[PDB]
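Written below as structure tokens is the structure these notes are about.
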Amino acid sequence: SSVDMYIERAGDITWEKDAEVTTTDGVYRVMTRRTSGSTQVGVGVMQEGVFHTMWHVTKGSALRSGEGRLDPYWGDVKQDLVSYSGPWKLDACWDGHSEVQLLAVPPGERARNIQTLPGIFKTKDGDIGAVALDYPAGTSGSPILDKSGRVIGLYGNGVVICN
Amino acid sequence: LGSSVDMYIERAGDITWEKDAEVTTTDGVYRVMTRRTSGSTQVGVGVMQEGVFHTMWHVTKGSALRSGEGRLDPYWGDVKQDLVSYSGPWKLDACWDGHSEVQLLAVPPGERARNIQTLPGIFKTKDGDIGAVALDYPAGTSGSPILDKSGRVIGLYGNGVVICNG
Ligand SMILES: Nc1cc(N)c(/N=N/c2ccc(S(=O)(=O)Nc3nccs3)cc2)cc1/N=N/c1ccc(S(=O)(=O)Nc2nccs2)cc1
Ligand SMILES: [Cl-]
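These protein sequences, in sequence, are chains B and A. Letter by letter, the first sequence follows residues 47 to 68, 1018 to 1158 in PDB author numbering. Letter by letter, the second sequence follows residues 45 to 68, 1018 to 1159 in PDB author numbering.
Dropping the structure here:
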């Protein structure tokens, strides 16, 4: 048997006004089915009919969904990204100075917003952000949001700065 | 001053092809560890070859590392390639033929190093064709070396397998 991977909608993607501080558009759990039952392997974002997640979560596997089978459209192993059904749509960038919110969706746990200041690390062309928190395996792909609710990164990836 | 990580490496084993694998600071393979208020966690893996430590850029964010020898400074780094080398230029130049089985020398957090023989898939990227290992391991296994039959490192787990022609 090949791995039976599917997505389930977990909630809306919204900035939460008083967060904790350290089918349709939304945030989805990426699940695997075994005879013994289901495991969450990651998270992703449906935007403009395109499902976005990390390449390591699916390794280009087709996904079952409420809308039928989703086939991979584009991916990059090095950036660790993959899109289903169409081109990559998550084009927002972090300004490199505003606090962000991680919309963490860990396995077997409630979706929640956590406000956090990314770390900044120097690169040769500039700087990149990091949200490295203590979340369980399977949280990778959780969206990182700016104050307008735009997805500026996925949990486990560097947060790209444009400034 | 700014954001910093307290990172260190620990040798996990020799890098060798294992003749009868399951089929689905000396040179060697190392765990990359980070010290946080919660404790020390493995965040990835890398390869010491010819006195140069090699890992994926995102594992270390290009940070200096502590080792048995003292401080290792990043020498070369590329966020786009997601690679970084310490102490000297990138030394891992072997490529996959695009058809032979390979071995992942997986070094997962809290688990023994082990060799798994597998056949990479081949995927189209804007740069060209690349191989990729279709085995699932936890995030902190990223950087584990992928080996050809002569024990040469032809890729790092999560970074793809380099194909000799395009
Ligand atoms: N100054 C430098 C000093 C170094 N020590 C160094 N090492 N480099 C490596 C590059 C690739 C690989 S690898 O694939 O073989 N991965 C693995 N091999 C075994 C295990 S993993 C390994 C090492 C690179 C340097 N500069 N490099 C540049 C590369 C590209 C471009 S580019 O503009 O042309 N963009 C692109 N186009 C198509 C693709 S990238 C500009 C500059
Ligand atoms: Cl890989």
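Note that beta-carbon positions come from the ideal geometry of N, C-alpha and C, so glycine has one too.
Give a yes or no on whether 7 Å exceeds the smallest Cβ distance from residue i to chain B.
i: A1125 of chain A; result: yes
i: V1100 of chain A; result: no
i: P1138 of chain A; result: no
i: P1067 of chain A; result: no
Under 7 Å, Cβ to Cβ, is there at least one residue of chain A near residue i?
i: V1077 of chain B; result: no
i: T1118 of chain B; result: yes
i: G1081 of chain B; result: no
i: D1020 of chain B; result: no
i: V1072 of chain B; result: yes
i: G1121 of chain B; result: no
i: residue 1159 of chain B; result: Residue 1159 of chain B is absent from the structure shown; chain B starts at 47 and stops at 1158.
i: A1132 of chain B; result: yes
i: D1141 of chain B; result: no
i: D1086 of chain B; result: no
List the DSSP bridge partners of residue i.
i: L1128 of chain B; result: Note: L1128 of chain B sits in no beta bridge, so no partner.
i: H1047 of chain A; result: A:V1040 and A:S1078
i: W1069 of chain B; result: B:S1078
i: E66 of chain A; result: A:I1109
i: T1027 of chain A; result: A:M51 and A:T1034
i: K1117 of chain A; result: A:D1122
i: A1099 of chain B; result: B:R1107
i: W1089 of chain B; result: B:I1156
i: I1139 of chain A; result: A:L1097 and A:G1148
i: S1060 of chain B; result: Beta-bridge pairing links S1060 of chain B to no other residue.
i: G1021 of chain A; result: A:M1041
i: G57 of chain A; result: A:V1022
Could you round the C-beta distance between residue i and residue j to whole angstroms and report it? I think they count as a contact, below 8 Å.
i: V1052 of chain A; j: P1113 of chain A; result: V1052 of chain A to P1113 of chain A, Cβ: 21 Å. No contact.
i: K1054 of chain A; j: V49 of chain A; result: 6 Å
i: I59 of chain B; j: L1098 of chain B; result: 6 Å
i: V1100 of chain A; j: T1111 of chain A; result: Contact flag wrong, Cβ pair sits at about 15 Å.
What residues in the stretch 1027-1053 of chain A have a beta carbon less than 7 Å from any beta carbon of chain B?
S1031 and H1051
Mind checking the stretch 1091-1116 of chain B against chain A and listing, in chain order, the residues whose C-beta falls within less than 7 Å of any C-beta there?
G1114, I1115 and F1116
Spell out a yes or no on whether the stretch 1054-1062 of chain B and the stretch 53-60 of chain B are touching, meaning 3 or more CB-CB pairs, one atom from each, closer than 8 Å.
yes
Touch check for the stretch 1131-1150 of chain B and the stretch 1022-1035 of chain A: three-plus C-beta pairs under 8 Å?
no
Is the stretch 1045-1052 of chain B touching the stretch 1073-1082 of chain B, taking contact as three or more C-beta pairs under 8 Å?
yes
Are three or more beta carbon pairs between the stretch 1063-1072 of chain A and the stretch 1029-1040 of chain A nearer than 8 Å?
no
Members of the stretch 49-64 of chain B that neighbour chain A once the beta carbon cut-off is set at 7 Å
none
Name the residues in the stretch 1055-1066 of chain A whose C-beta lies less than 7 Å from a C-beta of chain B; which are they?
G1055
Are at least three pairs of beta-carbons, each pair with one atom in the stretch 1081-1100 of chain A and one in the stretch 1143-1152 of chain A, less than 8 Å apart?
yes
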